[PDB]
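*Asks:* So that you have it, the file is start.cif, and it contains mmCIF, N, CA and C atoms:
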data_final
#
loop_
_atom_site.label_atom_id
_atom_site.label_comp_id
_atom_site.auth_asym_id
_atom_site.auth_seq_id
_atom_site.Cartn_x
_atom_site.Cartn_y
_atom_site.Cartn_z
N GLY A 1 27.10 -64.33 -45.12
CA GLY A 1 27.95 -64.03 -43.93
C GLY A 1 29.09 -65.02 -43.78
N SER A 2 29.12 -65.71 -42.64
CA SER A 2 30.17 -66.69 -42.37
C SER A 2 30.17 -67.80 -43.42
N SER A 3 31.37 -68.22 -43.82
CA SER A 3 31.51 -69.28 -44.81
C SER A 3 32.21 -70.49 -44.21
N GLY A 4 31.45 -71.56 -44.01
CA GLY A 4 32.00 -72.78 -43.47
C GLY A 4 31.76 -72.98 -42.00
N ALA A 5 31.67 -71.89 -41.24
CA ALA A 5 31.43 -72.01 -39.81
C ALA A 5 30.35 -71.06 -39.33
N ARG A 6 29.40 -71.61 -38.59
CA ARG A 6 28.33 -70.82 -38.02
C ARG A 6 28.31 -71.07 -36.52
N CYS A 7 28.64 -70.05 -35.74
CA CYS A 7 28.70 -70.21 -34.29
C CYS A 7 28.14 -68.99 -33.57
N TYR A 8 27.22 -69.24 -32.64
CA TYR A 8 26.59 -68.20 -31.85
C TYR A 8 25.77 -68.83 -30.74
N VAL A 9 25.38 -68.03 -29.75
CA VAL A 9 24.60 -68.56 -28.64
C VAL A 9 23.47 -67.63 -28.22
N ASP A 10 22.32 -68.22 -27.91
CA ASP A 10 21.16 -67.46 -27.47
C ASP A 10 20.70 -67.96 -26.10
N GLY A 11 21.12 -67.26 -25.05
CA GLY A 11 20.73 -67.65 -23.71
C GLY A 11 20.71 -66.47 -22.76
N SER A 12 19.54 -66.18 -22.20
CA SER A 12 19.41 -65.06 -21.28
C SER A 12 19.42 -65.55 -19.84
N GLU A 13 20.44 -65.08 -19.09
CA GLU A 13 20.70 -65.45 -17.70
C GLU A 13 19.59 -65.06 -16.71
N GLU A 14 18.80 -66.03 -16.26
CA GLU A 14 17.78 -65.77 -15.23
C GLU A 14 17.37 -67.07 -14.54
N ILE A 15 17.06 -67.02 -13.24
CA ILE A 15 16.61 -68.22 -12.53
C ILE A 15 15.35 -68.75 -13.24
N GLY A 16 15.55 -69.73 -14.12
CA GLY A 16 14.43 -70.26 -14.89
C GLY A 16 14.24 -69.48 -16.18
N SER A 17 15.37 -69.07 -16.76
CA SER A 17 15.40 -68.27 -18.00
C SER A 17 15.41 -69.15 -19.26
N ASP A 18 15.73 -68.54 -20.41
CA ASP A 18 15.74 -69.28 -21.67
C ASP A 18 17.15 -69.42 -22.25
N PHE A 19 17.51 -70.66 -22.61
CA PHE A 19 18.82 -70.97 -23.17
C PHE A 19 18.70 -71.51 -24.59
N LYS A 20 19.79 -71.42 -25.34
CA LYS A 20 19.82 -71.92 -26.71
C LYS A 20 21.22 -71.78 -27.31
N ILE A 21 21.67 -72.81 -28.01
CA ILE A 21 22.99 -72.79 -28.64
C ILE A 21 22.88 -73.25 -30.09
N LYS A 22 23.68 -72.67 -30.97
CA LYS A 22 23.65 -73.05 -32.38
C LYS A 22 25.04 -73.11 -32.98
N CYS A 23 25.35 -74.23 -33.63
CA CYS A 23 26.65 -74.41 -34.28
C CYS A 23 26.55 -75.37 -35.46
N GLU A 24 26.73 -74.83 -36.67
CA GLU A 24 26.66 -75.63 -37.89
C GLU A 24 27.79 -75.26 -38.87
N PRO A 25 28.64 -76.24 -39.28
CA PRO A 25 29.73 -76.00 -40.22
C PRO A 25 29.32 -76.27 -41.66
N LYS A 26 29.04 -75.21 -42.41
CA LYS A 26 28.62 -75.35 -43.81
C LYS A 26 29.59 -74.66 -44.76
N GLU A 27 30.64 -75.35 -45.20
CA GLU A 27 31.60 -74.74 -46.13
C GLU A 27 31.45 -75.32 -47.52
N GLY A 28 30.65 -74.67 -48.36
CA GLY A 28 30.42 -75.11 -49.74
C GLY A 28 29.78 -76.50 -49.87
N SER A 29 30.36 -77.49 -49.20
CA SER A 29 29.87 -78.86 -49.21
C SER A 29 29.74 -79.35 -47.77
N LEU A 30 29.12 -80.50 -47.58
CA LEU A 30 28.93 -81.05 -46.23
C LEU A 30 30.28 -81.23 -45.52
N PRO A 31 30.35 -80.90 -44.21
CA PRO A 31 31.59 -81.02 -43.43
C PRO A 31 32.04 -82.46 -43.23
N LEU A 32 33.26 -82.63 -42.71
CA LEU A 32 33.81 -83.96 -42.47
C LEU A 32 33.65 -84.37 -41.01
N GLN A 33 34.25 -83.60 -40.11
CA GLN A 33 34.17 -83.89 -38.68
C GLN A 33 34.17 -82.61 -37.86
N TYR A 34 33.41 -82.62 -36.76
CA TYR A 34 33.32 -81.46 -35.88
C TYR A 34 32.82 -81.86 -34.50
N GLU A 35 33.33 -81.21 -33.46
CA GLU A 35 32.93 -81.51 -32.09
C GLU A 35 32.96 -80.24 -31.23
N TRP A 36 32.00 -80.14 -30.31
CA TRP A 36 31.92 -78.98 -29.42
C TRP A 36 32.88 -79.09 -28.23
N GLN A 37 33.24 -77.94 -27.66
CA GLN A 37 34.11 -77.88 -26.50
C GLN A 37 33.67 -76.73 -25.60
N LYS A 38 33.54 -76.97 -24.30
CA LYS A 38 33.08 -75.92 -23.39
C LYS A 38 33.74 -76.01 -22.02
N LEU A 39 33.61 -74.93 -21.25
CA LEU A 39 34.12 -74.89 -19.91
C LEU A 39 33.02 -74.31 -19.05
N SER A 40 32.28 -75.19 -18.41
CA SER A 40 31.18 -74.78 -17.56
C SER A 40 31.17 -75.60 -16.30
N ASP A 41 31.19 -74.92 -15.17
CA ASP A 41 31.20 -75.58 -13.86
C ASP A 41 30.15 -76.71 -13.78
N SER A 42 29.08 -76.56 -14.56
CA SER A 42 28.00 -77.55 -14.63
C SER A 42 28.24 -78.61 -15.70
N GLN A 43 29.48 -78.71 -16.19
CA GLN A 43 29.91 -79.64 -17.26
C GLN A 43 29.21 -81.02 -17.29
N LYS A 44 28.47 -81.42 -16.25
CA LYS A 44 27.84 -82.74 -16.29
C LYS A 44 26.63 -82.71 -17.22
N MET A 45 26.88 -83.11 -18.46
CA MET A 45 25.85 -83.17 -19.49
C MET A 45 26.22 -84.23 -20.53
N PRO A 46 26.09 -85.52 -20.21
CA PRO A 46 26.44 -86.59 -21.14
C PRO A 46 25.60 -86.57 -22.41
N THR A 47 24.30 -86.71 -22.24
CA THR A 47 23.39 -86.70 -23.37
C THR A 47 23.42 -85.34 -24.05
N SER A 48 23.56 -84.29 -23.24
CA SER A 48 23.60 -82.94 -23.78
C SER A 48 24.89 -82.68 -24.54
N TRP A 49 26.01 -83.17 -24.01
CA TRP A 49 27.28 -82.98 -24.69
C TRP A 49 27.37 -83.88 -25.92
N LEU A 50 26.52 -84.91 -25.98
CA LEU A 50 26.50 -85.79 -27.14
C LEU A 50 25.93 -85.02 -28.31
N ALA A 51 24.78 -84.41 -28.07
CA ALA A 51 24.14 -83.57 -29.07
C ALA A 51 25.08 -82.43 -29.44
N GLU A 52 25.91 -82.03 -28.49
CA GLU A 52 26.88 -80.98 -28.72
C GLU A 52 28.02 -81.50 -29.58
N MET A 53 28.33 -82.81 -29.49
CA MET A 53 29.38 -83.38 -30.34
C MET A 53 29.02 -83.06 -31.79
N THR A 54 27.73 -83.17 -32.07
CA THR A 54 27.17 -82.78 -33.35
C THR A 54 25.75 -82.32 -33.10
N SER A 55 25.57 -81.01 -33.02
CA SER A 55 24.27 -80.43 -32.71
C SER A 55 23.60 -79.75 -33.89
N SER A 56 24.13 -78.57 -34.28
CA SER A 56 23.55 -77.74 -35.35
C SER A 56 22.64 -76.71 -34.69
N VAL A 57 21.83 -77.19 -33.74
CA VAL A 57 20.91 -76.34 -32.98
C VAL A 57 20.62 -77.00 -31.64
N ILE A 58 20.63 -76.22 -30.56
CA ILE A 58 20.38 -76.76 -29.23
C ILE A 58 19.56 -75.82 -28.36
N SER A 59 18.84 -76.40 -27.40
CA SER A 59 18.03 -75.64 -26.46
C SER A 59 18.34 -76.09 -25.04
N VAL A 60 18.55 -75.14 -24.14
CA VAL A 60 18.87 -75.46 -22.75
C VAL A 60 17.97 -74.70 -21.80
N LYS A 61 18.03 -75.05 -20.52
CA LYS A 61 17.23 -74.38 -19.51
C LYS A 61 18.11 -73.55 -18.58
N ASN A 62 17.67 -72.32 -18.29
CA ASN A 62 18.39 -71.42 -17.37
C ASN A 62 17.92 -71.62 -15.94
N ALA A 63 17.31 -72.77 -15.67
CA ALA A 63 16.77 -73.07 -14.34
C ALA A 63 17.78 -72.83 -13.23
N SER A 64 19.07 -72.86 -13.56
CA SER A 64 20.11 -72.65 -12.57
C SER A 64 20.86 -71.34 -12.82
N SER A 65 20.87 -70.47 -11.81
CA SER A 65 21.57 -69.18 -11.89
C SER A 65 23.10 -69.34 -11.84
N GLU A 66 23.59 -70.57 -11.83
CA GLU A 66 25.03 -70.82 -11.80
C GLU A 66 25.53 -71.34 -13.15
N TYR A 67 24.66 -71.33 -14.17
CA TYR A 67 25.04 -71.84 -15.49
C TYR A 67 25.73 -70.78 -16.33
N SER A 68 26.83 -70.24 -15.81
CA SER A 68 27.60 -69.24 -16.53
C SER A 68 28.96 -69.81 -16.90
N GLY A 69 29.20 -69.98 -18.19
CA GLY A 69 30.47 -70.54 -18.63
C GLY A 69 30.84 -70.14 -20.04
N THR A 70 32.08 -70.43 -20.41
CA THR A 70 32.57 -70.11 -21.74
C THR A 70 32.50 -71.33 -22.64
N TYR A 71 31.59 -71.30 -23.61
CA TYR A 71 31.43 -72.40 -24.54
C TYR A 71 32.40 -72.28 -25.71
N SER A 72 32.45 -73.31 -26.54
CA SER A 72 33.34 -73.31 -27.69
C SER A 72 32.92 -74.37 -28.70
N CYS A 73 33.20 -74.11 -29.97
CA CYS A 73 32.86 -75.04 -31.03
C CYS A 73 34.09 -75.35 -31.88
N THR A 74 34.20 -76.59 -32.34
CA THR A 74 35.34 -76.99 -33.16
C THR A 74 34.88 -77.78 -34.38
N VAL A 75 35.37 -77.38 -35.55
CA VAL A 75 35.02 -78.04 -36.80
C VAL A 75 36.28 -78.36 -37.58
N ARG A 76 36.29 -79.49 -38.28
CA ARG A 76 37.46 -79.88 -39.05
C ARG A 76 37.08 -80.44 -40.41
N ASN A 77 37.17 -79.60 -41.43
CA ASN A 77 36.88 -80.03 -42.78
C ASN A 77 38.07 -79.70 -43.68
N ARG A 78 38.42 -80.62 -44.58
CA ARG A 78 39.54 -80.41 -45.50
C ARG A 78 39.43 -79.03 -46.15
N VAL A 79 38.19 -78.61 -46.34
CA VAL A 79 37.87 -77.32 -46.92
C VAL A 79 37.36 -76.39 -45.82
N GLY A 80 38.17 -76.19 -44.77
CA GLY A 80 37.74 -75.34 -43.67
C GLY A 80 37.75 -75.99 -42.30
N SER A 81 38.94 -76.34 -41.82
CA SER A 81 39.07 -76.93 -40.49
C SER A 81 39.52 -75.85 -39.51
N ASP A 82 38.61 -75.44 -38.61
CA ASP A 82 38.92 -74.39 -37.65
C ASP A 82 38.13 -74.55 -36.35
N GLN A 83 38.20 -73.53 -35.50
CA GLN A 83 37.51 -73.55 -34.22
C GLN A 83 36.47 -72.42 -34.13
N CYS A 84 35.88 -72.27 -32.96
CA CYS A 84 34.85 -71.26 -32.73
C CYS A 84 34.76 -70.89 -31.25
N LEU A 85 34.14 -69.75 -30.98
CA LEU A 85 33.96 -69.28 -29.61
C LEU A 85 32.48 -69.06 -29.31
N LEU A 86 31.95 -69.82 -28.35
CA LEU A 86 30.55 -69.71 -27.96
C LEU A 86 30.44 -69.32 -26.49
N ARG A 87 29.34 -68.69 -26.10
CA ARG A 87 29.17 -68.27 -24.70
C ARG A 87 27.74 -68.41 -24.20
N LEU A 88 27.60 -68.81 -22.93
CA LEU A 88 26.30 -68.99 -22.30
C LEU A 88 26.33 -68.43 -20.88
N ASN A 89 25.25 -67.77 -20.43
CA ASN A 89 25.25 -67.22 -19.08
C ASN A 89 23.88 -67.30 -18.39
N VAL A 90 23.87 -67.92 -17.20
CA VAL A 90 22.65 -68.04 -16.42
C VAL A 90 22.87 -67.60 -14.98
N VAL A 91 22.12 -66.59 -14.55
CA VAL A 91 22.25 -66.06 -13.19
C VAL A 91 20.88 -65.61 -12.63
N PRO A 92 20.82 -65.06 -11.40
CA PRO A 92 19.57 -64.63 -10.80
C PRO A 92 19.25 -63.17 -11.15
N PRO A 93 17.96 -62.82 -11.29
CA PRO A 93 17.55 -61.46 -11.62
C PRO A 93 17.79 -60.50 -10.47
N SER A 94 18.64 -59.50 -10.70
CA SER A 94 18.94 -58.51 -9.67
C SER A 94 17.83 -57.48 -9.58
N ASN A 95 16.90 -57.70 -8.66
CA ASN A 95 15.78 -56.78 -8.47
C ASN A 95 16.24 -55.51 -7.77
N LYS A 96 15.60 -54.40 -8.10
CA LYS A 96 15.94 -53.11 -7.50
C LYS A 96 14.86 -52.66 -6.53
#
What does this structure look like when you write it as structure tokens?
*Replies:*
Amino acid sequence: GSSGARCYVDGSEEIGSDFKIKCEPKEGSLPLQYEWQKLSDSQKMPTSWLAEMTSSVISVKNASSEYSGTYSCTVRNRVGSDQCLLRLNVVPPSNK
């Protein structure tokens, strides 16, 4: 499939739901430099954003129904320096 960049997100929006993010840059050889970028009202995640600076695989909690934002991934390798688009959404279950 993708060559050099792997970006996708696994997170189901629910009060106390399941979150997960994955981003790994594998272009023929090991990458040079890469860092994550996101826009989430809950942006306060120092240790979490550190792992995001270089993650490969991440797990989060949907404990908050306000964790809906547009994520993003950035990789820079002489052999494949580009960006990525990631997304995460956490909200409350609309019961009928």
*Asks:* I need the output of the PyMOL selection byres ((chain A and resi 26-34) around 5) for this file as a list in words; which residues are they?
*Replies:*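 With the PyMOL selection byres ((chain A and resi 26-34) around 5) on this model, the match is residues 3, 4, 5, 24, 25, 35, 36, 53, 74, 75, 76 and 77 of chain A.
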*Asks:* Between A:9, A:79, A:21, A:73, single out the one closest to residue 39 in chain A, counting only C-alpha atoms.
*Replies:*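 The closest residue to residue 39 in chain A is A:73.
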*Asks:* Quick check, in Å to one decimal: how far apart do atom C of residue 63 in chain A and CA of residue 17 in chain A lie?
*Replies:*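 Interatomic distance here is 7.0 Å.
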*Asks:* With 4 Å added on each side, what axis-aligned box encloses every listed atom of range 71-82 of chain A? Give the centre and edge lengths in Å to one decimal, as lines of an AutoDock Vina configuration file.
*Replies:*
center_x = 35.5
center_y = -76.0
center_z = -35.3
size_x = 16.1
size_y = 17.3
size_z = 31.3
*Asks:* Have a look at atom N of residue 7 in chain A and atom N of residue 92 in chain A and let me know their distance in Å, one decimal.
*Replies:* 26.0 Å
*Asks:* Quick one: distance from CA of residue 59 in chain A to CA of residue 91 in chain A in Å, one decimal?
*Replies:*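 Those two atoms sit 16.9 Å apart.
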*Asks:* Can you pull out the residues contacting residue 8 in chain A? Cut-off 7 Å, using all atoms listed in the file, and skip same-chain residues under 3 positions away; I want them as a VMD selection string.
*Replies:* chain A and resid 20 to 24 85 to 87
*Asks:* The PyMOL selection byres ((chain A and resi 68) around 7) - which residues does that actually catch in the file I just gave you? List them as number ranges by chain.
*Replies:* A: 39-42, 64-67, 69-70, 88-91
*Asks:* Name the residues of chain A that come out as helix (DSSP H, G or I) in a backbone DSSP run; write them as a PyMOL selection string.
*Replies:* chain A and resi 46-53
*Asks:* How about saving the chosen residues, N, CA and C atoms kept, as an mmCIF file, in the coordinates of the input?
*Replies:*
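The result, stored in again00.cif:
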data_model
loop_
_atom_site.group_PDB
_atom_site.id
_atom_site.type_symbol
_atom_site.label_atom_id
_atom_site.label_comp_id
_atom_site.auth_asym_id
_atom_site.auth_seq_id
_atom_site.Cartn_x
_atom_site.Cartn_y
_atom_site.Cartn_z
ATOM 1 N N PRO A 46 26.090 -85.520 -20.210
ATOM 2 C CA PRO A 46 26.440 -86.590 -21.140
ATOM 3 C C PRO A 46 25.600 -86.570 -22.410
ATOM 4 N N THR A 47 24.300 -86.710 -22.240
ATOM 5 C CA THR A 47 23.390 -86.700 -23.370
ATOM 6 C C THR A 47 23.420 -85.340 -24.050
ATOM 7 N N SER A 48 23.560 -84.290 -23.240
ATOM 8 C CA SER A 48 23.600 -82.940 -23.780
ATOM 9 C C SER A 48 24.890 -82.680 -24.540
ATOM 10 N N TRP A 49 26.010 -83.170 -24.010
ATOM 11 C CA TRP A 49 27.280 -82.980 -24.690
ATOM 12 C C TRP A 49 27.370 -83.880 -25.920
ATOM 13 N N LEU A 50 26.520 -84.910 -25.980
ATOM 14 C CA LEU A 50 26.500 -85.790 -27.140
ATOM 15 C C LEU A 50 25.930 -85.020 -28.310
ATOM 16 N N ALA A 51 24.780 -84.410 -28.070
ATOM 17 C CA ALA A 51 24.140 -83.570 -29.070
ATOM 18 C C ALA A 51 25.080 -82.430 -29.440
ATOM 19 N N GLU A 52 25.910 -82.030 -28.490
ATOM 20 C CA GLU A 52 26.880 -80.980 -28.720
ATOM 21 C C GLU A 52 28.020 -81.500 -29.580
ATOM 22 N N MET A 53 28.330 -82.810 -29.490
ATOM 23 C CA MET A 53 29.380 -83.380 -30.340
ATOM 24 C C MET A 53 29.020 -83.060 -31.790
#
*Asks:* Have range 33-53 of chain A completed to N, CA, C and O atoms, please, and pass it along as a short mmCIF file (atom, residue, chain, number, x, y, z; two decimals), in the coordinates of the input.
*Replies:*
data_model
loop_
_atom_site.label_atom_id
_atom_site.label_comp_id
_atom_site.auth_asym_id
_atom_site.auth_seq_id
_atom_site.Cartn_x
_atom_site.Cartn_y
_atom_site.Cartn_z
N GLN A 33 34.25 -83.60 -40.11
CA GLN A 33 34.17 -83.89 -38.68
C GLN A 33 34.17 -82.61 -37.86
O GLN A 33 34.83 -81.63 -38.20
N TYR A 34 33.41 -82.62 -36.76
CA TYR A 34 33.32 -81.46 -35.88
C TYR A 34 32.82 -81.86 -34.50
O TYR A 34 31.97 -82.75 -34.37
N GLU A 35 33.33 -81.21 -33.46
CA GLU A 35 32.93 -81.51 -32.09
C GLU A 35 32.96 -80.24 -31.23
O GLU A 35 33.82 -79.39 -31.40
N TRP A 36 32.00 -80.14 -30.31
CA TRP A 36 31.92 -78.98 -29.42
C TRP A 36 32.88 -79.09 -28.23
O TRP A 36 33.25 -80.19 -27.82
N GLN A 37 33.24 -77.94 -27.66
CA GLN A 37 34.11 -77.88 -26.50
C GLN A 37 33.67 -76.73 -25.60
O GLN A 37 33.42 -75.63 -26.09
N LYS A 38 33.54 -76.97 -24.30
CA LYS A 38 33.08 -75.92 -23.39
C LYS A 38 33.74 -76.01 -22.02
O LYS A 38 34.30 -77.04 -21.65
N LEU A 39 33.61 -74.93 -21.25
CA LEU A 39 34.12 -74.89 -19.91
C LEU A 39 33.02 -74.31 -19.05
O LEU A 39 32.83 -73.09 -18.99
N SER A 40 32.28 -75.19 -18.41
CA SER A 40 31.18 -74.78 -17.56
C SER A 40 31.17 -75.60 -16.30
O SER A 40 31.14 -76.81 -16.33
N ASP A 41 31.19 -74.92 -15.17
CA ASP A 41 31.20 -75.58 -13.86
C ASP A 41 30.15 -76.71 -13.78
O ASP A 41 30.32 -77.68 -13.05
N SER A 42 29.08 -76.56 -14.56
CA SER A 42 28.00 -77.55 -14.63
C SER A 42 28.24 -78.61 -15.70
O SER A 42 27.30 -79.29 -16.11
N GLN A 43 29.48 -78.71 -16.19
CA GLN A 43 29.91 -79.64 -17.26
C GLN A 43 29.21 -81.02 -17.29
O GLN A 43 29.38 -81.74 -18.27
N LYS A 44 28.47 -81.42 -16.25
CA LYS A 44 27.84 -82.74 -16.29
C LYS A 44 26.63 -82.71 -17.22
O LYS A 44 25.52 -82.36 -16.82
N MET A 45 26.88 -83.11 -18.46
CA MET A 45 25.85 -83.17 -19.49
C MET A 45 26.22 -84.23 -20.53
O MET A 45 26.65 -83.89 -21.63
N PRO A 46 26.09 -85.52 -20.21
CA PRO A 46 26.44 -86.59 -21.14
C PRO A 46 25.60 -86.57 -22.41
O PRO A 46 26.13 -86.42 -23.51
N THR A 47 24.30 -86.71 -22.24
CA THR A 47 23.39 -86.70 -23.37
C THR A 47 23.42 -85.34 -24.05
O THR A 47 23.31 -85.23 -25.27
N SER A 48 23.56 -84.29 -23.24
CA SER A 48 23.60 -82.94 -23.78
C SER A 48 24.89 -82.68 -24.54
O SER A 48 24.87 -82.06 -25.60
N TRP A 49 26.01 -83.17 -24.01
CA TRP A 49 27.28 -82.98 -24.69
C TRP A 49 27.37 -83.88 -25.92
O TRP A 49 28.16 -83.62 -26.82
N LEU A 50 26.52 -84.91 -25.98
CA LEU A 50 26.50 -85.79 -27.14
C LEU A 50 25.93 -85.02 -28.31
O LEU A 50 26.53 -84.93 -29.39
N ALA A 51 24.78 -84.41 -28.07
CA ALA A 51 24.14 -83.57 -29.07
C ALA A 51 25.08 -82.43 -29.44
O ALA A 51 25.06 -81.95 -30.57
N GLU A 52 25.91 -82.03 -28.49
CA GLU A 52 26.88 -80.98 -28.72
C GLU A 52 28.02 -81.50 -29.58
O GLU A 52 28.59 -80.76 -30.37
N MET A 53 28.33 -82.81 -29.49
CA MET A 53 29.38 -83.38 -30.34
C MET A 53 29.02 -83.06 -31.79
O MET A 53 29.86 -82.63 -32.58
#
